[PDB]
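In the block that follows, a single chain appears as structure tokens, in the form deposited in one PDB entry.
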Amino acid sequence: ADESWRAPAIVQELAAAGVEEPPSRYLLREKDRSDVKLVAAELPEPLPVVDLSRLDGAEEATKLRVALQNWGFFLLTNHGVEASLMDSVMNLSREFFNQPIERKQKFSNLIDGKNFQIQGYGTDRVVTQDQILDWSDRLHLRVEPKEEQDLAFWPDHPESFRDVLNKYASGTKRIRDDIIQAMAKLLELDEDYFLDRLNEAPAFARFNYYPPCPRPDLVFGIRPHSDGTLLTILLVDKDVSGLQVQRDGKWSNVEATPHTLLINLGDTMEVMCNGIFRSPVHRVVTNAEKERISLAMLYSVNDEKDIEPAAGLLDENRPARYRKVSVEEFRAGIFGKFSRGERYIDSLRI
């Protein structure tokens, strides 16, 4: 029939219309229903914190190693990005999502109202009619390489959105480079081993918007997933919690102070470092009272080399833990398995 299921609703509009319950395509399926944690732990463990300005020192590099091996992510302080620039990119995000739907839909990622592409305002690809939908919208923009930006999908109001996002992305790219240099040293690989695969590499800004949900126990704001990136640099809502990370089968809340950044490895890095460091599975749970926003800067490698464990980590006593795949096949796997709520990297394990 008419594949209207391929063009899902804007979730912010569902919430504004006043749905009393999540429509059926957003409902989790038992397995995920039993694992939705809405209550905080009351005695959470301290989270790993890394001070970028101290990262040349052995003691700080050790804190990074502990974070990368045991958590897959860390809070980052003293990272050099002006606090007011962080405020501006988030507030201009709020200003965009607060615009009338008529205006926002000019940036829809459903071309002609039906044809899906990644870039734009909407949600991720709907592959099957029985696919579960997340309780969020997102504005997904290619920021890098700068010459490949399509400004027809960048909001023109607020007027400064483009300038502020580009300035913000310049800072997070510098952070990306500093972190990957420290990771190369931890792995005893050439300090520029990852820089070669980042030449003219794609990078994206994912502005997530999680509307309030009348039944936060029945949906996910964004489904459990690991990022497919090399590195993700995440700026979370400073007022509204919801991010959670999986560690040893348990979910725990991730709470960050304003202007602290969250850095996590993606599946590309887990493969390239042969699983010495882990790409963490995370999710966002909704709440019934307030919307939540986040901005994920998603840093991928270029398509010049196949994705595989670094040769310097492999020898006669140290086998590869993941098989080699082209970037095109890796991309299709990350995107396709996300739609099914499955973990693509598991299919690569040897």
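We number the residues from 1 along the sequence you see. Throughout, rigid core stands for the largest set of C-alpha atoms superposing within 1.5 Å between the two forms.
The form deposited in another entry is left out here; the points below concern that form.
Superpose on the core and compare between this form and the one not shown; which one of 60, 291, 308, 303 crosses the 2 Å Cα shift mark? Looking at each option in turn, only one qualifies, and it is 291.
Shift of residue 246 between this form and the one not shown at or above 2 Å (CA, core fit): Result for residue 246: no, shift under 2 Å.
When the rigid core is used for the superposition, does residue 133 move between this form and the one not shown (threshold: C-alpha shift of 2 Å or more)? Yes; that C-alpha moves by at least 2 Å between this form and the one not shown.
Compare the CA separation of residue 99 and residue 239 in that other deposited form with the one in the displayed structure, and answer closer or farther (the difference is at least 3 Å). They are farther apart; the C-alpha distance rises by 3 Å or more in that other deposited form.
Shorter or longer C-alpha distance for residue 239 and residue 101 in that other deposited form, given it differs from this form by 3 Å or more? Relative to this form, farther apart in that other deposited form.
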